[PDB]
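Engineer: Sharing input-v2.cif below, mmCIF, N, CA and C atoms:
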data_coords
loop_
_atom_site.group_PDB
_atom_site.id
_atom_site.type_symbol
_atom_site.label_atom_id
_atom_site.label_comp_id
_atom_site.auth_asym_id
_atom_site.auth_seq_id
_atom_site.Cartn_x
_atom_site.Cartn_y
_atom_site.Cartn_z
ATOM 1 N N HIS W 1 21.840 -27.124 -32.354
ATOM 2 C CA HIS W 1 22.553 -27.321 -31.104
ATOM 3 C C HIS W 1 21.573 -27.307 -29.938
ATOM 4 N N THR W 2 21.981 -27.949 -28.850
ATOM 5 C CA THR W 2 21.164 -28.074 -27.653
ATOM 6 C C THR W 2 21.550 -26.985 -26.663
ATOM 7 N N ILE W 3 20.556 -26.306 -26.127
ATOM 8 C CA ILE W 3 20.767 -25.210 -25.191
ATOM 9 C C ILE W 3 20.742 -25.742 -23.766
ATOM 10 N N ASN W 4 21.611 -25.195 -22.923
ATOM 11 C CA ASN W 4 21.667 -25.526 -21.502
ATOM 12 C C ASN W 4 21.394 -24.238 -20.730
ATOM 13 N N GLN W 5 20.124 -23.989 -20.426
ATOM 14 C CA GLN W 5 19.696 -22.757 -19.777
ATOM 15 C C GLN W 5 19.324 -23.029 -18.328
ATOM 16 N N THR W 6 19.786 -22.161 -17.433
ATOM 17 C CA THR W 6 19.443 -22.134 -16.024
ATOM 18 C C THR W 6 18.556 -20.930 -15.733
ATOM 19 N N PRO W 7 17.492 -21.100 -14.946
ATOM 20 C CA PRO W 7 16.563 -19.987 -14.717
ATOM 21 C C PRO W 7 17.257 -18.784 -14.098
ATOM 22 N N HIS W 8 16.831 -17.598 -14.524
ATOM 23 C CA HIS W 8 17.400 -16.345 -14.059
ATOM 24 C C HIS W 8 16.295 -15.457 -13.517
ATOM 25 N N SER W 9 16.665 -14.579 -12.591
ATOM 26 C CA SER W 9 15.739 -13.630 -11.998
ATOM 27 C C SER W 9 16.349 -12.239 -12.035
ATOM 28 N N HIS W 10 15.484 -11.234 -12.072
ATOM 29 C CA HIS W 10 15.904 -9.843 -12.131
ATOM 30 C C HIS W 10 15.778 -9.200 -10.760
ATOM 31 N N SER W 11 16.773 -8.397 -10.399
ATOM 32 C CA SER W 11 16.681 -7.620 -9.174
ATOM 33 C C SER W 11 15.713 -6.459 -9.366
ATOM 34 N N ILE W 12 15.048 -6.083 -8.279
ATOM 35 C CA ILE W 12 13.965 -5.110 -8.304
ATOM 36 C C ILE W 12 14.429 -3.842 -7.603
ATOM 37 N N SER W 13 14.170 -2.696 -8.227
ATOM 38 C CA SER W 13 14.393 -1.396 -7.611
ATOM 39 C C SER W 13 13.062 -0.902 -7.064
ATOM 40 N N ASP W 14 13.018 -0.617 -5.765
ATOM 41 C CA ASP W 14 11.773 -0.297 -5.070
ATOM 42 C C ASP W 14 11.903 1.020 -4.319
ATOM 43 N N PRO W 15 11.762 2.148 -5.013
ATOM 44 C CA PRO W 15 11.473 3.402 -4.310
ATOM 45 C C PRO W 15 10.168 3.272 -3.543
ATOM 46 N N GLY W 16 10.136 3.853 -2.351
ATOM 47 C CA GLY W 16 8.981 3.707 -1.491
ATOM 48 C C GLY W 16 7.747 4.386 -2.050
ATOM 49 N N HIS W 17 6.619 4.116 -1.399
ATOM 50 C CA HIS W 17 5.347 4.699 -1.795
ATOM 51 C C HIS W 17 4.465 4.840 -0.567
ATOM 52 N N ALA W 18 3.417 5.648 -0.708
ATOM 53 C CA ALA W 18 2.447 5.839 0.358
ATOM 54 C C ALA W 18 1.099 6.183 -0.255
ATOM 55 N N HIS W 19 0.049 5.987 0.533
ATOM 56 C CA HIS W 19 -1.315 6.258 0.116
ATOM 57 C C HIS W 19 -1.907 7.378 0.958
ATOM 58 N N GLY W 20 -2.961 7.985 0.430
ATOM 59 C CA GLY W 20 -3.666 9.046 1.116
ATOM 60 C C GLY W 20 -4.944 8.551 1.766
ATOM 61 N N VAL W 21 -5.329 9.216 2.849
ATOM 62 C CA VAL W 21 -6.585 8.929 3.535
ATOM 63 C C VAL W 21 -7.463 10.169 3.419
ATOM 64 N N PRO W 22 -8.213 10.318 2.335
ATOM 65 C CA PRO W 22 -8.950 11.565 2.101
ATOM 66 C C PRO W 22 -10.273 11.643 2.843
ATOM 67 N N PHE W 23 -10.461 10.816 3.867
ATOM 68 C CA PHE W 23 -11.750 10.707 4.546
ATOM 69 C C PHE W 23 -11.662 11.381 5.910
ATOM 70 N N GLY W 24 -11.908 12.687 5.934
ATOM 71 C CA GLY W 24 -11.987 13.435 7.173
ATOM 72 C C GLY W 24 -13.394 13.964 7.370
ATOM 73 N N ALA W 25 -13.848 13.949 8.621
ATOM 74 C CA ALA W 25 -15.247 14.212 8.933
ATOM 75 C C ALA W 25 -15.559 15.700 8.846
ATOM 76 N N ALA W 26 -16.621 16.039 8.115
ATOM 77 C CA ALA W 26 -17.162 17.392 8.116
ATOM 78 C C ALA W 26 -18.323 17.547 9.084
ATOM 79 N N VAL W 27 -19.059 16.468 9.338
ATOM 80 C CA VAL W 27 -20.184 16.481 10.263
ATOM 81 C C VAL W 27 -19.919 15.449 11.348
ATOM 82 N N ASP W 28 -20.864 15.290 12.269
ATOM 83 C CA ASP W 28 -20.699 14.385 13.395
ATOM 84 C C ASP W 28 -21.498 13.096 13.269
ATOM 85 N N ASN W 29 -22.634 13.120 12.580
ATOM 86 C CA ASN W 29 -23.453 11.928 12.437
ATOM 87 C C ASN W 29 -22.916 11.029 11.332
ATOM 88 N N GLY W 30 -22.945 9.725 11.581
ATOM 89 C CA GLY W 30 -22.541 8.741 10.602
ATOM 90 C C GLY W 30 -21.144 8.200 10.864
ATOM 91 N N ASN W 31 -20.898 6.999 10.341
ATOM 92 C CA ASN W 31 -19.592 6.359 10.413
ATOM 93 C C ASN W 31 -18.907 6.308 9.053
ATOM 94 N N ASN W 32 -19.296 7.191 8.137
ATOM 95 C CA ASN W 32 -18.752 7.151 6.788
ATOM 96 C C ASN W 32 -17.279 7.533 6.750
ATOM 97 N N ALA W 33 -16.838 8.418 7.636
ATOM 98 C CA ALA W 33 -15.488 8.962 7.553
ATOM 99 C C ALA W 33 -14.901 9.034 8.957
ATOM 100 N N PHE W 34 -13.767 9.718 9.083
ATOM 101 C CA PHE W 34 -13.011 9.781 10.324
ATOM 102 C C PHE W 34 -13.033 11.193 10.890
ATOM 103 N N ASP W 35 -13.247 11.291 12.200
ATOM 104 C CA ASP W 35 -13.290 12.584 12.869
ATOM 105 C C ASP W 35 -11.929 13.268 12.813
ATOM 106 N N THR W 36 -11.939 14.558 12.490
ATOM 107 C CA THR W 36 -10.715 15.342 12.356
ATOM 108 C C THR W 36 -10.399 15.998 13.694
ATOM 109 N N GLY W 37 -9.301 15.579 14.318
ATOM 110 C CA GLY W 37 -8.960 16.070 15.637
ATOM 111 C C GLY W 37 -8.050 17.280 15.658
ATOM 112 N N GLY W 38 -6.889 17.190 15.014
ATOM 113 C CA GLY W 38 -6.013 18.340 14.909
ATOM 114 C C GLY W 38 -4.794 18.351 15.810
ATOM 115 N N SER W 39 -4.108 17.214 15.934
ATOM 116 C CA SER W 39 -2.855 17.156 16.680
ATOM 117 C C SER W 39 -1.974 16.029 16.158
ATOM 118 N N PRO W 40 -0.826 16.334 15.562
ATOM 119 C CA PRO W 40 0.000 15.270 14.978
ATOM 120 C C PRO W 40 0.677 14.428 16.043
ATOM 121 N N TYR W 41 0.214 13.196 16.225
ATOM 122 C CA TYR W 41 0.829 12.295 17.187
ATOM 123 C C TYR W 41 0.549 10.867 16.750
ATOM 124 N N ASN W 42 1.596 10.049 16.712
ATOM 125 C CA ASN W 42 1.508 8.708 16.142
ATOM 126 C C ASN W 42 0.938 7.756 17.183
ATOM 127 N N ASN W 43 -0.357 7.484 17.078
ATOM 128 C CA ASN W 43 -0.954 6.383 17.809
ATOM 129 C C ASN W 43 -0.648 5.074 17.087
ATOM 130 N N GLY W 44 -0.926 3.958 17.752
ATOM 131 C CA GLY W 44 -0.631 2.688 17.125
ATOM 132 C C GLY W 44 -1.767 2.214 16.246
ATOM 133 N N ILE W 45 -1.679 2.531 14.955
ATOM 134 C CA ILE W 45 -2.691 2.156 13.976
ATOM 135 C C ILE W 45 -2.009 2.060 12.619
ATOM 136 N N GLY W 46 -2.212 0.948 11.922
ATOM 137 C CA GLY W 46 -1.639 0.780 10.604
ATOM 138 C C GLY W 46 -2.696 0.572 9.542
ATOM 139 N N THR W 47 -2.394 -0.250 8.547
ATOM 140 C CA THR W 47 -3.344 -0.621 7.511
ATOM 141 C C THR W 47 -3.440 -2.139 7.441
ATOM 142 N N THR W 48 -4.253 -2.623 6.507
ATOM 143 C CA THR W 48 -4.307 -4.046 6.230
ATOM 144 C C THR W 48 -3.150 -4.435 5.324
ATOM 145 N N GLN W 49 -2.570 -5.599 5.591
ATOM 146 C CA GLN W 49 -1.400 -6.078 4.860
ATOM 147 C C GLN W 49 -1.874 -6.742 3.576
ATOM 148 N N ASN W 50 -2.059 -5.941 2.533
ATOM 149 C CA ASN W 50 -2.572 -6.428 1.262
ATOM 150 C C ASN W 50 -1.541 -6.225 0.163
ATOM 151 N N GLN W 51 -1.425 -7.222 -0.708
ATOM 152 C CA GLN W 51 -0.411 -7.249 -1.749
ATOM 153 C C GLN W 51 -0.732 -6.244 -2.851
ATOM 154 N N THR W 52 0.197 -6.115 -3.791
ATOM 155 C CA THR W 52 0.057 -5.235 -4.939
ATOM 156 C C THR W 52 -0.109 -6.072 -6.196
ATOM 157 N N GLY W 53 -1.077 -5.705 -7.027
ATOM 158 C CA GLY W 53 -1.271 -6.437 -8.259
ATOM 159 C C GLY W 53 -0.431 -5.882 -9.387
ATOM 160 N N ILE W 54 0.731 -6.489 -9.621
ATOM 161 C CA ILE W 54 1.618 -6.085 -10.701
ATOM 162 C C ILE W 54 1.989 -7.321 -11.502
ATOM 163 N N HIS K 1 25.057 -19.533 -36.038
ATOM 164 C CA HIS K 1 23.680 -20.013 -35.922
ATOM 165 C C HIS K 1 22.650 -18.922 -35.657
ATOM 166 N N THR K 2 21.383 -19.199 -35.962
ATOM 167 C CA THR K 2 20.319 -18.245 -35.702
ATOM 168 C C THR K 2 19.530 -18.688 -34.479
ATOM 169 N N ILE K 3 19.219 -17.738 -33.606
ATOM 170 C CA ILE K 3 18.447 -17.998 -32.398
ATOM 171 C C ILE K 3 16.980 -17.730 -32.696
ATOM 172 N N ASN K 4 16.126 -18.699 -32.380
ATOM 173 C CA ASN K 4 14.680 -18.513 -32.412
ATOM 174 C C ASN K 4 14.219 -18.275 -30.980
ATOM 175 N N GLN K 5 13.910 -17.023 -30.661
ATOM 176 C CA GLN K 5 13.606 -16.621 -29.297
ATOM 177 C C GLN K 5 12.260 -15.921 -29.249
ATOM 178 N N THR K 6 11.492 -16.226 -28.220
ATOM 179 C CA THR K 6 10.240 -15.558 -27.935
ATOM 180 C C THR K 6 10.345 -14.817 -26.608
ATOM 181 N N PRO K 7 9.602 -13.728 -26.432
ATOM 182 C CA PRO K 7 9.665 -13.005 -25.160
ATOM 183 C C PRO K 7 9.196 -13.882 -24.010
ATOM 184 N N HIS K 8 9.792 -13.658 -22.844
ATOM 185 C CA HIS K 8 9.465 -14.393 -21.635
ATOM 186 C C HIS K 8 9.164 -13.416 -20.510
ATOM 187 N N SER K 9 8.408 -13.887 -19.526
ATOM 188 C CA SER K 9 8.058 -13.081 -18.370
ATOM 189 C C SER K 9 8.290 -13.883 -17.101
ATOM 190 N N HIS K 10 8.643 -13.178 -16.036
ATOM 191 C CA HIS K 10 8.886 -13.788 -14.740
ATOM 192 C C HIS K 10 7.676 -13.595 -13.837
ATOM 193 N N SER K 11 7.535 -14.494 -12.874
ATOM 194 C CA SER K 11 6.511 -14.358 -11.853
ATOM 195 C C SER K 11 7.074 -13.595 -10.665
ATOM 196 N N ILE K 12 6.243 -12.760 -10.066
ATOM 197 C CA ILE K 12 6.644 -11.999 -8.895
ATOM 198 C C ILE K 12 6.337 -12.815 -7.647
ATOM 199 N N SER K 13 6.943 -12.419 -6.531
ATOM 200 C CA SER K 13 6.743 -13.125 -5.274
ATOM 201 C C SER K 13 6.235 -12.172 -4.204
ATOM 202 N N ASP K 14 5.225 -11.375 -4.549
ATOM 203 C CA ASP K 14 4.655 -10.328 -3.710
ATOM 204 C C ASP K 14 4.290 -10.832 -2.320
ATOM 205 N N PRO K 15 4.986 -10.382 -1.282
ATOM 206 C CA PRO K 15 4.488 -10.556 0.079
ATOM 207 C C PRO K 15 3.682 -9.339 0.496
ATOM 208 N N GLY K 16 2.760 -9.561 1.425
ATOM 209 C CA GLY K 16 1.931 -8.464 1.886
ATOM 210 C C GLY K 16 2.772 -7.355 2.494
ATOM 211 N N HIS K 17 2.426 -6.118 2.158
ATOM 212 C CA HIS K 17 3.047 -4.947 2.754
ATOM 213 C C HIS K 17 1.972 -4.071 3.375
ATOM 214 N N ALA K 18 2.287 -3.491 4.529
ATOM 215 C CA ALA K 18 1.355 -2.648 5.262
ATOM 216 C C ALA K 18 2.020 -1.317 5.568
ATOM 217 N N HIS K 19 1.321 -0.229 5.271
ATOM 218 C CA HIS K 19 1.800 1.101 5.609
ATOM 219 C C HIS K 19 1.446 1.404 7.061
ATOM 220 N N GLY K 20 1.600 2.658 7.451
ATOM 221 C CA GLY K 20 1.129 3.114 8.743
ATOM 222 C C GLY K 20 0.591 4.521 8.615
ATOM 223 N N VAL K 21 -0.341 4.857 9.496
ATOM 224 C CA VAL K 21 -0.927 6.189 9.532
ATOM 225 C C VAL K 21 -0.660 6.794 10.906
ATOM 226 N N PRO K 22 0.197 7.807 11.008
ATOM 227 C CA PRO K 22 0.577 8.363 12.312
ATOM 228 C C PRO K 22 -0.243 9.562 12.764
ATOM 229 N N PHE K 23 -1.344 9.874 12.096
ATOM 230 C CA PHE K 23 -2.064 11.121 12.341
ATOM 231 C C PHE K 23 -3.233 10.902 13.300
ATOM 232 N N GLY K 24 -2.886 10.578 14.543
ATOM 233 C CA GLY K 24 -3.850 10.476 15.612
ATOM 234 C C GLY K 24 -3.797 11.712 16.485
ATOM 235 N N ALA K 25 -4.945 12.358 16.647
ATOM 236 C CA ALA K 25 -4.985 13.617 17.373
ATOM 237 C C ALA K 25 -4.964 13.394 18.879
ATOM 238 N N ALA K 26 -4.404 14.372 19.588
ATOM 239 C CA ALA K 26 -4.487 14.448 21.038
ATOM 240 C C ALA K 26 -5.464 15.506 21.519
ATOM 241 N N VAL K 27 -5.704 16.540 20.717
ATOM 242 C CA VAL K 27 -6.689 17.573 21.002
ATOM 243 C C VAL K 27 -7.723 17.556 19.885
ATOM 244 N N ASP K 28 -8.988 17.765 20.247
ATOM 245 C CA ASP K 28 -10.086 17.741 19.290
ATOM 246 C C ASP K 28 -10.308 19.087 18.605
ATOM 247 N N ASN K 29 -9.291 19.941 18.543
ATOM 248 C CA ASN K 29 -9.391 21.248 17.908
ATOM 249 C C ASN K 29 -8.575 21.256 16.623
ATOM 250 N N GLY K 30 -9.203 21.671 15.529
ATOM 251 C CA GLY K 30 -8.562 21.706 14.231
ATOM 252 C C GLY K 30 -8.792 20.428 13.442
ATOM 253 N N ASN K 31 -8.339 20.455 12.189
ATOM 254 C CA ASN K 31 -8.488 19.324 11.284
ATOM 255 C C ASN K 31 -7.144 18.753 10.846
ATOM 256 N N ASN K 32 -6.125 18.854 11.697
ATOM 257 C CA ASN K 32 -4.795 18.388 11.319
ATOM 258 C C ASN K 32 -4.677 16.870 11.403
ATOM 259 N N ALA K 33 -5.365 16.244 12.354
ATOM 260 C CA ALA K 33 -5.203 14.817 12.605
ATOM 261 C C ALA K 33 -6.578 14.194 12.810
ATOM 262 N N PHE K 34 -6.589 12.953 13.290
ATOM 263 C CA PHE K 34 -7.811 12.201 13.539
ATOM 264 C C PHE K 34 -7.983 11.972 15.034
ATOM 265 N N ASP K 35 -9.200 12.178 15.527
ATOM 266 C CA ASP K 35 -9.508 11.882 16.918
ATOM 267 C C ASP K 35 -9.429 10.380 17.175
ATOM 268 N N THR K 36 -9.046 10.025 18.396
ATOM 269 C CA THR K 36 -8.843 8.635 18.765
ATOM 270 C C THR K 36 -10.119 8.028 19.349
ATOM 271 N N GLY K 37 -10.125 6.697 19.458
ATOM 272 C CA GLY K 37 -11.270 5.976 19.978
ATOM 273 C C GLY K 37 -10.841 4.691 20.655
ATOM 274 N N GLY K 38 -11.810 4.028 21.283
ATOM 275 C CA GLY K 38 -11.509 2.874 22.109
ATOM 276 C C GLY K 38 -11.593 1.502 21.471
ATOM 277 N N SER K 39 -12.735 1.160 20.879
ATOM 278 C CA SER K 39 -12.949 -0.187 20.363
ATOM 279 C C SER K 39 -12.928 -0.174 18.844
ATOM 280 N N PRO K 40 -11.982 -0.859 18.202
ATOM 281 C CA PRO K 40 -11.877 -0.786 16.739
ATOM 282 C C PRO K 40 -12.854 -1.738 16.063
ATOM 283 N N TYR K 41 -13.570 -1.224 15.068
ATOM 284 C CA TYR K 41 -14.414 -2.039 14.212
ATOM 285 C C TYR K 41 -14.294 -1.521 12.788
ATOM 286 N N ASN K 42 -14.486 -2.418 11.829
ATOM 287 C CA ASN K 42 -14.295 -2.073 10.425
ATOM 288 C C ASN K 42 -15.485 -1.264 9.930
ATOM 289 N N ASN K 43 -15.287 0.039 9.754
ATOM 290 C CA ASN K 43 -16.323 0.924 9.246
ATOM 291 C C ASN K 43 -16.199 1.161 7.749
ATOM 292 N N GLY K 44 -15.377 0.374 7.059
ATOM 293 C CA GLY K 44 -15.329 0.425 5.614
ATOM 294 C C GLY K 44 -14.511 1.541 5.016
ATOM 295 N N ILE K 45 -13.499 2.033 5.722
ATOM 296 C CA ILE K 45 -12.642 3.103 5.227
ATOM 297 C C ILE K 45 -11.356 2.494 4.691
ATOM 298 N N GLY K 46 -11.016 2.832 3.448
ATOM 299 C CA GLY K 46 -9.793 2.363 2.845
ATOM 300 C C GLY K 46 -8.981 3.522 2.304
ATOM 301 N N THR K 47 -7.700 3.251 2.073
ATOM 302 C CA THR K 47 -6.809 4.263 1.534
ATOM 303 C C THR K 47 -7.130 4.513 0.063
ATOM 304 N N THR K 48 -6.355 5.394 -0.555
ATOM 305 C CA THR K 48 -6.555 5.724 -1.954
ATOM 306 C C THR K 48 -5.812 4.722 -2.837
ATOM 307 N N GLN K 49 -5.944 4.889 -4.148
ATOM 308 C CA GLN K 49 -5.272 4.043 -5.123
ATOM 309 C C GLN K 49 -4.069 4.786 -5.684
ATOM 310 N N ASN K 50 -2.916 4.124 -5.704
ATOM 311 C CA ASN K 50 -1.724 4.705 -6.304
ATOM 312 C C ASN K 50 -0.725 3.601 -6.604
ATOM 313 N N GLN K 51 -0.102 3.689 -7.775
ATOM 314 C CA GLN K 51 0.881 2.706 -8.198
ATOM 315 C C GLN K 51 2.126 2.800 -7.332
ATOM 316 N N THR K 52 2.621 1.655 -6.884
ATOM 317 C CA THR K 52 3.945 1.621 -6.287
ATOM 318 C C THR K 52 4.992 1.831 -7.370
ATOM 319 N N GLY K 53 5.950 2.705 -7.098
ATOM 320 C CA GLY K 53 6.951 2.998 -8.099
ATOM 321 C C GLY K 53 8.119 2.043 -8.023
ATOM 322 N N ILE K 54 8.097 0.993 -8.846
ATOM 323 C CA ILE K 54 9.183 0.026 -8.897
ATOM 324 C C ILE K 54 9.499 -0.289 -10.351
#
Please express the file's structure as structure tokens.
Structural biologist:
Amino acid sequence: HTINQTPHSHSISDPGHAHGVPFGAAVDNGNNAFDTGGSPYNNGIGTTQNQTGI
Amino acid sequence: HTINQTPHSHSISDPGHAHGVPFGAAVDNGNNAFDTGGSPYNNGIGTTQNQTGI
């Protein structure tokens, strides 16, 4: 018998996620890491918009 | 009738996603947040690696 198939897609369940920034400065010389200030306040800074390899 | 079936896989349609980092310090005392600055340049700092849970 001949099959009559139409393409199908699956719905995705997406619990959120987040990454860590483990680069806090212990010394003052160098640009290797980020200076640790000590006051929680949201300045305007995000990340690069990069996809996920799945 | 008997079905002759092989496993199939779908392609994803990943659009870029960007997080945010709200830990900008207002006082340079303590290590709770990050001190702010004026001119942004890429100093080679990236987030950590972690699987998105989907």
Engineer: For chain K against chain W, with a cut-off of 6 Å and counting only C-alpha atoms, what is the closest atom pair and its distance in Å to one decimal for every residue that makes the cut, ordered by chain and number, as CSV?
Structural biologist:
residue,atom,partner,partner_atom,distance
K:16,CA,W:51,CA,4.5
K:17,CA,W:49,CA,5.0
K:18,CA,W:49,CA,4.4
K:19,CA,W:47,CA,5.7
K:20,CA,W:46,CA,4.1
K:21,CA,W:46,CA,5.6
K:22,CA,W:42,CA,4.0
K:23,CA,W:40,CA,5.3
K:24,CA,W:41,CA,5.3
K:25,CA,W:39,CA,4.2
K:26,CA,W:39,CA,5.4
K:27,CA,W:39,CA,5.8
K:28,CA,W:37,CA,4.2
K:29,CA,W:38,CA,5.4
K:30,CA,W:38,CA,4.3
K:31,CA,W:38,CA,4.5
K:32,CA,W:38,CA,3.8
K:33,CA,W:38,CA,4.3
K:34,CA,W:36,CA,4.4
K:35,CA,W:37,CA,4.4
K:47,CA,W:21,CA,5.1
K:48,CA,W:20,CA,5.4
K:52,CA,W:17,CA,5.6
K:53,CA,W:15,CA,5.9
K:54,CA,W:14,CA,4.6
Engineer: Produce a file of the selected residues containing N, CA and C atoms, as a JSON list (two decimals), in the frame of the given file.
Structural biologist:
[["chain", "number", "residue", "atom", "x", "y", "z"],
["K", 16, "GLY", "N", 2.76, -9.56, 1.42],
["K", 16, "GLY", "CA", 1.93, -8.46, 1.89],
["K", 16, "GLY", "C", 2.77, -7.36, 2.49],
["K", 17, "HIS", "N", 2.43, -6.12, 2.16],
["K", 17, "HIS", "CA", 3.05, -4.95, 2.75],
["K", 17, "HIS", "C", 1.97, -4.07, 3.38],
["K", 18, "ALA", "N", 2.29, -3.49, 4.53],
["K", 18, "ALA", "CA", 1.36, -2.65, 5.26],
["K", 18, "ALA", "C", 2.02, -1.32, 5.57],
["K", 19, "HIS", "N", 1.32, -0.23, 5.27],
["K", 19, "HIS", "CA", 1.80, 1.10, 5.61],
["K", 19, "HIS", "C", 1.45, 1.40, 7.06],
["K", 20, "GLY", "N", 1.60, 2.66, 7.45],
["K", 20, "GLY", "CA", 1.13, 3.11, 8.74],
["K", 20, "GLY", "C", 0.59, 4.52, 8.62],
["K", 21, "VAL", "N", -0.34, 4.86, 9.50],
["K", 21, "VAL", "CA", -0.93, 6.19, 9.53],
["K", 21, "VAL", "C", -0.66, 6.79, 10.91],
["K", 22, "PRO", "N", 0.20, 7.81, 11.01],
["K", 22, "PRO", "CA", 0.58, 8.36, 12.31],
["K", 22, "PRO", "C", -0.24, 9.56, 12.76],
["K", 23, "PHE", "N", -1.34, 9.87, 12.10],
["K", 23, "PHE", "CA", -2.06, 11.12, 12.34],
["K", 23, "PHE", "C", -3.23, 10.90, 13.30],
["K", 24, "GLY", "N", -2.89, 10.58, 14.54],
["K", 24, "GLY", "CA", -3.85, 10.48, 15.61],
["K", 24, "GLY", "C", -3.80, 11.71, 16.48],
["K", 25, "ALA", "N", -4.94, 12.36, 16.65],
["K", 25, "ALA", "CA", -4.99, 13.62, 17.37],
["K", 25, "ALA", "C", -4.96, 13.39, 18.88],
["K", 26, "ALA", "N", -4.40, 14.37, 19.59],
["K", 26, "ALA", "CA", -4.49, 14.45, 21.04],
["K", 26, "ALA", "C", -5.46, 15.51, 21.52],
["K", 27, "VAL", "N", -5.70, 16.54, 20.72],
["K", 27, "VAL", "CA", -6.69, 17.57, 21.00],
["K", 27, "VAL", "C", -7.72, 17.56, 19.89],
["K", 28, "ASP", "N", -8.99, 17.76, 20.25],
["K", 28, "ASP", "CA", -10.09, 17.74, 19.29],
["K", 28, "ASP", "C", -10.31, 19.09, 18.60],
["K", 29, "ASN", "N", -9.29, 19.94, 18.54],
["K", 29, "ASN", "CA", -9.39, 21.25, 17.91],
["K", 29, "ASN", "C", -8.57, 21.26, 16.62],
["K", 30, "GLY", "N", -9.20, 21.67, 15.53],
["K", 30, "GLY", "CA", -8.56, 21.71, 14.23],
["K", 30, "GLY", "C", -8.79, 20.43, 13.44],
["K", 31, "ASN", "N", -8.34, 20.45, 12.19],
["K", 31, "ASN", "CA", -8.49, 19.32, 11.28],
["K", 31, "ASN", "C", -7.14, 18.75, 10.85],
["K", 32, "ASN", "N", -6.12, 18.85, 11.70],
["K", 32, "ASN", "CA", -4.80, 18.39, 11.32],
["K", 32, "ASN", "C", -4.68, 16.87, 11.40],
["K", 33, "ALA", "N", -5.36, 16.24, 12.35],
["K", 33, "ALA", "CA", -5.20, 14.82, 12.60],
["K", 33, "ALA", "C", -6.58, 14.19, 12.81],
["K", 34, "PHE", "N", -6.59, 12.95, 13.29],
["K", 34, "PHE", "CA", -7.81, 12.20, 13.54],
["K", 34, "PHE", "C", -7.98, 11.97, 15.03],
["K", 35, "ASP", "N", -9.20, 12.18, 15.53],
["K", 35, "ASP", "CA", -9.51, 11.88, 16.92],
["K", 35, "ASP", "C", -9.43, 10.38, 17.18],
["K", 47, "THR", "N", -7.70, 3.25, 2.07],
["K", 47, "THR", "CA", -6.81, 4.26, 1.53],
["K", 47, "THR", "C", -7.13, 4.51, 0.06],
["K", 48, "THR", "N", -6.36, 5.39, -0.56],
["K", 48, "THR", "CA", -6.56, 5.72, -1.95],
["K", 48, "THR", "C", -5.81, 4.72, -2.84],
["K", 52, "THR", "N", 2.62, 1.66, -6.88],
["K", 52, "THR", "CA", 3.94, 1.62, -6.29],
["K", 52, "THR", "C", 4.99, 1.83, -7.37],
["K", 53, "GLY", "N", 5.95, 2.70, -7.10],
["K", 53, "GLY", "CA", 6.95, 3.00, -8.10],
["K", 53, "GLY", "C", 8.12, 2.04, -8.02],
["K", 54, "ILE", "N", 8.10, 0.99, -8.85],
["K", 54, "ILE", "CA", 9.18, 0.03, -8.90],
["K", 54, "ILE", "C", 9.50, -0.29, -10.35]]
Engineer: Taking every C-alpha atom in sequence order, what RMSD separates chain W from chain K after the best least-squares fit?
Structural biologist: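 C-alpha RMSD after optimal superposition stands at 0.9 Å.
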Engineer: Atom C of residue 11 in chain W and atom C of residue 2 in chain K, how far apart in Å?
Structural biologist: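 If I compute the distance from atom C of residue 2 in chain K to atom C of residue 11 in chain W, I get 28.2 Å.
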Engineer: Would you return as a ChimeraX atom specification the members of chain K that DSSP assigns to strand (DSSP E or B) on this structure's backbone?
Structural biologist: /K:17,20,24,34
Engineer: Measure the distance from CA of residue 5 in chain K to CA of residue 6 in chain W in Å and round it to one decimal.
Structural biologist: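 Value for the CA of residue 5 in chain K-CA of residue 6 in chain W distance: 15.5 Å.
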Engineer: Please, can range 3-9 of chain K be completed to N, CA, C and O atoms and returned as a PDB file, in the frame of the given file?
Structural biologist:
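The new file part_5.pdb reads:
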ATOM      1  N   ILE K   3      19.219 -17.738 -33.606  1.00  0.00           N
ATOM      2  CA  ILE K   3      18.447 -17.998 -32.398  1.00  0.00           C
ATOM      3  C   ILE K   3      16.980 -17.730 -32.696  1.00  0.00           C
ATOM      4  O   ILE K   3      16.628 -16.662 -33.210  1.00  0.00           O
ATOM      5  N   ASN K   4      16.126 -18.699 -32.380  1.00  0.00           N
ATOM      6  CA  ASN K   4      14.680 -18.513 -32.412  1.00  0.00           C
ATOM      7  C   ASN K   4      14.219 -18.275 -30.980  1.00  0.00           C
ATOM      8  O   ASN K   4      14.154 -19.210 -30.178  1.00  0.00           O
ATOM      9  N   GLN K   5      13.910 -17.023 -30.661  1.00  0.00           N
ATOM     10  CA  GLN K   5      13.606 -16.621 -29.297  1.00  0.00           C
ATOM     11  C   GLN K   5      12.260 -15.921 -29.249  1.00  0.00           C
ATOM     12  O   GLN K   5      11.930 -15.123 -30.131  1.00  0.00           O
ATOM     13  N   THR K   6      11.492 -16.226 -28.220  1.00  0.00           N
ATOM     14  CA  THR K   6      10.240 -15.558 -27.935  1.00  0.00           C
ATOM     15  C   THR K   6      10.345 -14.817 -26.608  1.00  0.00           C
ATOM     16  O   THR K   6      11.123 -15.212 -25.733  1.00  0.00           O
ATOM     17  N   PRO K   7       9.602 -13.728 -26.432  1.00  0.00           N
ATOM     18  CA  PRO K   7       9.665 -13.005 -25.160  1.00  0.00           C
ATOM     19  C   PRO K   7       9.196 -13.882 -24.010  1.00  0.00           C
ATOM     20  O   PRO K   7       8.326 -14.739 -24.168  1.00  0.00           O
ATOM     21  N   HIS K   8       9.792 -13.658 -22.844  1.00  0.00           N
ATOM     22  CA  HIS K   8       9.465 -14.393 -21.635  1.00  0.00           C
ATOM     23  C   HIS K   8       9.164 -13.416 -20.510  1.00  0.00           C
ATOM     24  O   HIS K   8       9.606 -12.265 -20.524  1.00  0.00           O
ATOM     25  N   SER K   9       8.408 -13.887 -19.526  1.00  0.00           N
ATOM     26  CA  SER K   9       8.058 -13.081 -18.370  1.00  0.00           C
ATOM     27  C   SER K   9       8.290 -13.883 -17.101  1.00  0.00           C
ATOM     28  O   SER K   9       8.157 -15.109 -17.088  1.00  0.00           O
TER      29      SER K   9
END
